[PDB]
Amino acid sequence: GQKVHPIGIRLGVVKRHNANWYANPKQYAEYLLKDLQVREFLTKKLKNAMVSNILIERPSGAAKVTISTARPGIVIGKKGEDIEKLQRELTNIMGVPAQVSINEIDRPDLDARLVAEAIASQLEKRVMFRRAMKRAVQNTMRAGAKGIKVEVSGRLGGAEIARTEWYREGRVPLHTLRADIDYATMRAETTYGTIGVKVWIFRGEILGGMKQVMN
Amino acid sequence: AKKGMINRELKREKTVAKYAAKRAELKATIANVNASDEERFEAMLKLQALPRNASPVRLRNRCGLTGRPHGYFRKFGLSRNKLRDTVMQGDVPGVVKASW
Amino acid sequence: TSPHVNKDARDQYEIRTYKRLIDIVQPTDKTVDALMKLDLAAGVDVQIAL
Amino acid sequence: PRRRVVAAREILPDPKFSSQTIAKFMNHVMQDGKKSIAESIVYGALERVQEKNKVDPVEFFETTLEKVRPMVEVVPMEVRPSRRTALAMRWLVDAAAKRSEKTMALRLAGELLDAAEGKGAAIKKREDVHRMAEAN
RNA sequence: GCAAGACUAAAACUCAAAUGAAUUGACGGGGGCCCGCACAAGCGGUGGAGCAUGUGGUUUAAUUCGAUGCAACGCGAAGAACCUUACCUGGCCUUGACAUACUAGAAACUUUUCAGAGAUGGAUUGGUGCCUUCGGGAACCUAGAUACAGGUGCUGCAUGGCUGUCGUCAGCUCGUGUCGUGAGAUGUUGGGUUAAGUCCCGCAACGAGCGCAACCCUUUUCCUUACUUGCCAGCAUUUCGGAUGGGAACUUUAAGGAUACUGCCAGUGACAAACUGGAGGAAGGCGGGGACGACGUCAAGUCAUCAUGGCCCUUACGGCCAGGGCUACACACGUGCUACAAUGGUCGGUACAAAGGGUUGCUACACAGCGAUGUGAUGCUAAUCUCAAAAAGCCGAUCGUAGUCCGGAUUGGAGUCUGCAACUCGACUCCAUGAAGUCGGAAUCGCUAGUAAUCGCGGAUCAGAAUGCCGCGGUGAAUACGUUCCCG
């Protein structure tokens with residue numbers, strides 16, 4: 001059957017929202033649309049910067065965008081010109097002054113989006129899908145996750161009949177709401193069409209609940 | 001939606017915005033009781049002579065991302081498909097799965 | 001939830017607006033300056049009336 | 001059920017006579033949750049029988065219920081004690097429905113008096129069940 | 001050999017198999033066991049009538065497209081008069097309504113008109129702006145050119161993503177060791193128990209994961225913090241209105257905690273897991289409800305949300321416009337609403353909710369109107385003002401079983417409001433009219449408790465347009481002996 005989104009089901013339990021601002025019903029829609037435009041623009045621009053998470057806040061008549069990346073130098077620029085250009089672009093898009101902040105990820109193999117992007121890049125570069133899946137799973141398990149599942153769907157290898165292949169190591173307790181499950185999806189565009197990649201990573205059980213998380 | 005339909009919607013919003021002030025002025029003149037009957041009749045004639053796209057009733061709410069004309073949800077400005085996707089990703093502040 | 005036809009297949013979402021009220025009486029001189037110097041945290045809207 | 005035995009649902013005594021029999025009769029009379037209308041219908045009969053012939057309202061109703069009580073199902077089987085009252089109440093409601101008077105309460109009281117004296121569609125139906133029992 | 005026939009006994013031609021034993025599944029009108037509103041016991045419906053709505057068919061210029069047993073048919077559509085719109089008739093444009101790359105000129109814009117159904121086209125005003133290493137540049141518009149744009153065109157049987165279904169079914173797997181030539185087997189089987197592969201015992205097996213349960217939300221009892229816009233027990237003043245001084249008690253509002261664990265007693269179980277009964281406690285063995293849906297199955301659904309391989313069109317299968325259609329009507333089906341009355345209809349008087357919405361909005365109050373509503377005016381960005389009248393209920397009168405003082409379809413005549421515009425084709429109001437309908441065959445559906453039944457209230461979509469959908473409270477049942485058969 002169909003499965004609920006692992007992040008959406010925990011959005012109020014052990015997971016925090018990616019947007020943090022208040023707006024009355026008159027500007028909620030405009031704020032949300034500009035936020036979505038910002039996310040799309042950043043996703044396109046920092047494609048090679050190894051960016052996974054974007055957090056948008058609107059503290060007081062302004063904006064703050066925190067970008068979590070494994071390539072802080074490439075995001076920042078040679079002398080910091082790139083973050084200034086990003087601030088200009090984001091201010092132009094959002095209509096309010098915006099501040100960019102950088103959060104450096106020191107363990108890329110425990111981040112679901114980065115693994116999915118790596119696997120999709122391998123598939124587009126025509127590495128055998130089973131080899132890519134097992135390499136990613138082994139790398140994450142060496143990095144220290146307590147479980148990882150990787151799934152690929154589509155015309156795997158160019159076959160005319162599409163199918164789905166998955167591989168899992170460790171523990172992935174999807175039905176435990178307090179489990180820390182990072183989830184990500186990505187598309188690989190090949191000559192024969194689209195291949196979908198899904199990654200689940202389990203990093204232990206969070207105790208104390210949202211009070212512990214400090215919502 | 002098609003690019004033609006999206007551009008049609010944009011042009012209609014532009015016309016409504018361009019003619020917003022004069023339409024309100026004519027409607028106020030029509031509602032005026034101190035104004036002459038001839039004045040109110042002329043105001044009605046001018047209102048009927050305005051371009052059709054100046055009327056806000058011809059605007060249709062469309063998804064801000066895809067242009068879908070069904071299932072709009074005024075509060076978010078997105079149709080149901082993109083709303084479901086964004087909410088379950090966690091990019092919509094405050095919205096969570098509801099149970100009671 | 002379905003893209004085409006399943007009327008019984010829906011997600012039910014909710015959003016809550018919480019409100020709190022604080023009253024300050026006999027305000028000292030430093031009170032207003034301290035309140036204005038207090039930082040504005042994202043996600044909370046603060047309205048002050050005198 | 002299948003595996004469980006469901007505990008019988010105990011209903012409270014009526015707040016006027018403290019009589020579970022009268023409460024069950026009221027429940028049988030009542031339609032779509034209108035308890036007050038059924039209360040009026042039953043209490044009108046209980047007060048009117050007292051005026052017409054002086055007996056205790058509870059005792060007179062119990063005696064008539066015992067009179068209308070059957071004792072055989074349908075392959076013959078005896079009715080358990082609960083179904084005796086359950087079937088007598090339904091018969092007394094259905095039959096009292098069809099007599100013609102101004103109010104339902106007056107019809108109910110009229111057939112209560114009638115069944116006390118051995119005439120009523122209720123005890124015709126009881127004798128019909130008796131006939132069918134003698135058949136097998 | 002009486003006969004029926006027996007015995008001896010080929011070839012032409014034709015196929016790439018035909019066979020034996022054993023393994024794993026699937027099935028059996030084979031055998032054991034168990035569960036589920038499956039049956040049984042009950043209470044209400046559908047199938048009959050009128051209307052609403054969807055579908056098939058038929059019709060049409062078009063009646064746009066998709067969904068088709070359960071699992072399509074108040075489905076996509078959380079809302080087709082124009083728009084939406086994808087369809088038809090007719091009128092128009094051609095690097096195009098939209099993007100990137102190139103070459104030139106103009107600020108952009110703005111006023112008045114005229115022709116036209118409009119799309120469009122032509123005359124006619126003002127403005128001609130922002131930076132500047134200032135020789136030009138930033139938008140923005142117009143003109144030329146070609147690579148291209150564009151396509152709700154085809155393929156869901158090339159795909160991603162998303163969803164339904166079996167089914168909230170209790171199952172589905174893996175490593176080392178043993179047995180077998182082998183596919184495989186064992187473990188996971190065997191005895192009790194449970195809502196559950198839930199738990200406890202035995203055993204060539206010894207060890208793990210995903211599933212079950214719990215963690216999350218809501219409701220029932222209590223405590224702490226908090227005392228306004230909410231509250232009023234005690235005091236005082238009152239126009240008897242928490243109205244006013246005042247109080248922080250109570251209700252409530254909403255954050256954080258406490259409690260329930262077979263904890264105590266009795267009996268059984270096997271001397272285990274478990275099971276039955278009792279006290280206390282608001283609550284007792286899973287207290288109630290929500291969310292959460294394993295491995296897999298159906299080339300299930302969706303190229304018309306979107307993305308995407310491939311195919312096809314390019315003065316047209318692209319784009320703009322006005323009018324029409326999606327609302328047709330000999331018919332058939334599905335899902336609903338309203339009734340057929342006295343446990344009721346009408347009239348008069350009088351009580352008791354919850355939840356949600358409101359600044360392009362909701363409106364106190366007054367006046368006008370029979371009314372829908374109109375005008376003036378007031379408070380509210382809301383525990384502050386408002387939608388707002390809860391309705392069934394209770395008391396009194398009347399109707400007296402009649403197609404009626406039941407029912408409210410249809411049609412005639414007047415209006416109101418939204419909207420540029422209610423003919424096709426809106427909702428509502430008033431007068432007149434007053435249809436079928438007398439409780440509905442075979443068959444079939446929902447429901448085990450605050451449930452069914454019945455009564456009203458709100459919202460999403462939305463200018464206007466719900467009997468649908470998603471929620472909220474009020475009143476409040478009947479019956480479960482049991483698993484013999486119906487189904488799974």
Side-chain angles (χ1 to χ4, degrees), chain A residues 1-4 9-10 12-14 24 26 147 153-155 160-162 168 170-179 185 187-196 205 207 209-211, chain B residues 1-8 10-12 33 47-61 63 65-75 79-82 84-85 96-100, chain C residues 1-10 12 18 20-21 23, chain D residues 1-3 5-6 8-9 11 27-38 40-41 77 80 83 86 100 102-104:
Chain A
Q2 279 66 62
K3 276 133 206 91
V4 68
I9 199 54
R10 308 168 160 85
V13 187
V14 287
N24 66 343
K26 316 326 181 83
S153 325
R155 291 173 64 170
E160 303 234 312
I161 303 266
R168 162 178 57 198
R171 255 166 51 94
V172 190
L174 275 197
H175 291 205
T176 309
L177 293 170
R178 80 162 149 226
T185 311
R187 305 164 56 100
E189 300 296 349
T190 85
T191 306
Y192 295 124
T194 316
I195 284 147
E205 299 216 1
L207 312 163
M210 259 290 144
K211 181 136 95 132
Chain B
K2 298 189 313 191
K3 297 259 207 96
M5 315 288 320
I6 293 162
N7 283 358
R8 249 189 265 187
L10 265 165
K11 150 185 98 178
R12 282 184 185 122
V33 70
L47 176 57
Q48 290 170 8
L50 279 182
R52 267 174 197 196
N53 278 330
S55 180
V57 302
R58 302 163 57 83
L59 302 181
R60 178 85 173 201
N61 289 329
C63 171
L65 281 185
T66 70
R68 197 182 203 263
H70 277 288
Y72 176 62
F73 292 101
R74 281 155 180 230
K75 188 212 189 33
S79 277
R80 55 161 175 100
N81 319 70
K82 290 300 153 128
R84 197 297 186 76
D85 282 335
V96 295
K97 285 270 265 176
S99 46
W100 72 95
Chain C
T1 46
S2 190
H4 189 228
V5 280
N6 288 107
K7 187 69 165 291
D8 292 357
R10 336 183 190 185
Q12 302 190 300
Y18 310 92
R20 298 284 183 282
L21 174 75
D23 261 328
Chain D
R2 258 278 194 222
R3 74 201 290 181
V5 272
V6 274
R9 178 186 323 277
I11 65 102
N27 286 343
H28 279 104
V29 172
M30 159 190 75
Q31 258 147 33
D32 40 17
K34 321 196 81 173
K35 197 69 159 286
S36 100
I37 292 193
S40 289
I41 288 171
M77 209 138 279
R80 46 206 270 260
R83 308 184 32 76
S100 70
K102 294 334 191 53
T103 82
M104 185 42 155

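Computation of the quantities below employed the complete heavy-atom set of this structure, encompassing side-chain atoms and omitting hydrogens, waters and symmetry-equivalent molecules. In what follows, every chain begins at residue 1, and chains take the letters A, B, ... in the order their sequences are listed.
- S79(B) comes within contact range of no nucleotide atom at all, as no heavy-atom separation falls under 4.0 Å.
- At the heavy-atom level, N24(A) lies nowhere under 4.0 Å from the strands shown.
- Scanning atom types as modelled, no donor and acceptor separated by under 3.5 angstrom connect the side chain of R52(B) and the base of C82(E).
- Atom CZ of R84(B) sits about 12.5 Å away from atom CZ of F73(B), to the nearest 0.5 Å.
- To the nearest whole angstrom, the two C1' atoms, one in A145(E) and one in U128(E), are 30 Å apart.
- Glycosidic conformation, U314(E): anti, with the torsion outside 90° of 0.
- Contact annotation: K211(A) side-chain N/O to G257(E) OP1/OP2 distance is under 4.0 Å.
- Here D23(C) lies in heavy-atom contact (under 4.0 Å) with sugar-phosphate atoms only.
- Using a 4.0 Å heavy-atom cutoff across all strands shown, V13(A) reaches sugar-phosphate atoms only and no base atom.
- Judged by the 3.5 Å cutoff on both pairing distances, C140(E) and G482(E) do not qualify as a Watson-Crick or G-U wobble pair.
- Nucleotide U448(E) has no partner under the Watson-Crick or G-U criteria, as no pair reaches both atom distances under 3.5 Å.
- Among all heavy-atom pairs drawn from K82(B) and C63(B), the shortest one is CG-SG, 4.3 Å.
- In this model, the phosphate group of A81(E) is not approached by any side-chain N or O of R58(B) to a distance below 4.0 Å at OP1 or OP2.
- If you check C82(E), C98(E), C216(E) against the side chain of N7(B), the one that comes closest is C98(E).
- Nucleotides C92(E) and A117(E) have their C1' atoms positioned 13 Å apart, rounded to a whole Å.
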**Asked** When you check every protein heavy atom under 4.0 Å of nucleotides 307-316 of chain E, what one-letter string (B, S, -) results, 5' to 3'?
**Response** BSS-------
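- If you take atom P in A86(E) and the same atom in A139(E), they sit 35 Å apart, rounded to whole Å.
- Of the nucleotides present, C340(E) is the one that pairs with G440(E) by Watson-Crick or G-U wobble criteria, both distances under 3.5 Å.
- Judged by the sign of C1'-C2'-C3'-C4', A248(E) carries a south-puckered sugar.
- Each of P56(B) and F73(B) was assigned the nucleotide of RNA chain E with the nearest heavy atom; the assignment lying further toward the 5' end belongs to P56(B).
- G426(E) and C417(E) are base-paired, meeting the Watson-Crick or G-U wobble geometry with both donor-acceptor distances under 3.5 Å.
- Remark: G379(E) and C380(E) stack on each other (six-membered ring centres under 5.5 Å, interplanar angle under 30°).
- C472(E) and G456(E) make up a base pair, with Watson-Crick or G-U wobble contacts both under 3.5 Å.
- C333(E) sits 15 Å from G69(E) when the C1' atoms are compared, rounded to a whole Å.
- When the rule of centres under 5.5 Å and planes under 30° is applied to the neighbouring bases of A170(E) and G171(E), their six-membered rings do not qualify as stacked.
- Spacing between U146(E) and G160(E) at atom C1', rounded to whole Å, works out to 35 Å.
- Residue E205(A) is classed as having no contact, given no heavy-atom separation below 4.0 Å to the nucleic acid.
- Rounded to whole Å, the P atom of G324(E) lies 35 Å from the corresponding atom of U363(E).
- Under the Watson-Crick and G-U wobble criteria, each requiring two contacts below 3.5 Å, nucleotide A115(E) is paired to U120(E).
- Taking 4.0 angstrom as the limit, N27(D) places a side-chain polar atom (N or O) nearer than this to OP1 or OP2 of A478(E).
- The interatomic distance linking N61(B) (CG) with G464(E) (P) rounds to 13 Å, in whole Å.
- Across all strands, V4(A) comes closer than 4.0 Å only to sugar-phosphate atoms, never to a base (heavy-atom distances).
- In the interface, the side chain of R9(D) is not paired with the base of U448(E) through any donor and acceptor atom under 3.5 Å apart.
- Across all strands shown, nothing is found opposite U68(E) as a Watson-Crick or G-U wobble partner with both distances under 3.5 Å.
- For the P atoms, the distance linking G190(E) with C157(E) amounts to 43 Å, nearest Å.
- Note on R178(A): a base of the nucleic acid sits closer than 4.0 angstrom, heavy atoms only.
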Could you run down the sub-3.5 Å N/O contacts of the protein with nucleotides 382-384 of chain E?
residue, atom, partner, partner atom, Å
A383(E), OP1, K19(C), NZ, 2.9

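- Separating the CZ atom of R2(D) from the P atom of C485(E) is a distance of 10 Å, rounded to the nearest angstrom.
- Contacts of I9(A) with the nucleic acid, taken as non-hydrogen atoms under 4.0 Å apart, involve only primed sugar atoms and P, OP1 or OP2.
- Side-chain N/O atoms of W100(B) include one lying less than 4.0 angstrom from OP1 or OP2 on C472(E).
- Atom CZ in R83(D) sits roughly 7 Å away from atom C1' in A41(E) (whole-Å rounding).
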Between the protein and nucleotides 296-304 of chain E, list the N/O to N/O atom pairs that are separated by less than 3.5 angstrom.
residue, atom, partner, partner atom, Å
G296(E), OP1, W166(A), NE1, 3.0
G296(E), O6, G1(A), N, 3.1

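- Nucleotides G28(E) and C481(E) fail the pairing criterion: they make neither a Watson-Crick nor a G-U wobble pair with both donor-acceptor distances under 3.5 Å.
- Across all strands shown, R68(B) has heavy atoms under 4.0 Å from sugar-phosphate atoms exclusively, and none from any base.
- Sugar pucker annotation for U220(E): north, assigned from a positive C1'-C2'-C3'-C4' dihedral.
- Comparing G419(E), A254(E), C321(E) against the side chain of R20(C) picks out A254(E) as the nearest.
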**Item:** Base versus backbone protein contacts along nucleotides 341-357 of chain E [heavy-atom cut-off under 4.0 Å; B, S, -]
**Value:** -SBS-------------
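- When heavy atoms are screened at a 4.0 angstrom cut-off, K3(B) is found touching base atoms of the nucleic acid.
- On the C1' atoms, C430(E) is 27 Å away from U424(E), given to the nearest whole Å.
- For the pair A98(B) and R60(B), both in contact range of RNA chain E, the more 5′-proximal nearest nucleotide belongs to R60(B).
- In the interface, the side chain of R74(B) is not paired with the base of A78(E) through any donor and acceptor atom under 3.5 Å apart.
- Contact annotation for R10(C): base contact, defined as any heavy-atom pair under 4.0 Å involving a base atom.
- A close approach under 4.0 Å does not occur between any side-chain nitrogen or oxygen of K82(B) and OP1 or OP2 of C306(E).
- Nucleotide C347(E) is matched to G396(E) when pairs are restricted to Watson-Crick or G-U wobble geometry with both distances under 3.5 angstrom.
- Within the shown strands, nothing qualifies as a pairing partner of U378(E) under the Watson-Crick or G-U definition with both distances less than 3.5 Å.
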What are the atom names and distances for every N/O pair under 3.5 Å that joins the protein to nucleotides 86-88 of chain E?
residue, atom, partner, partner atom, Å
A86(E), OP1, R8(B), NH1, 3.2
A86(E), OP1, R8(B), NH2, 3.0

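- Every residue was checked against the salt bridge (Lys or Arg N to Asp or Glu O under 4.0 Å) condition with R58(B), not counting sequence neighbours, and none meets it.
- With a 3.5 Å ceiling on both atom-pair distances, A270(E) lacks any Watson-Crick or G-U wobble partner.
- In this structure, CG on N7(B) lies 12.0 Å from NZ on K2(B), to the nearest 0.5 angstrom.
- Closest approach of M210(A) and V14(A) over heavy atoms only: CE-C, 3.5 Å.
- Taking each heavy atom of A86(D) and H28(D) in turn, the nearest pair found is O-NE2, 4.2 Å.
- Within the nucleic acid shown, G33(D) comes within 4.0 Å of at least one base atom, counting heavy atoms only.
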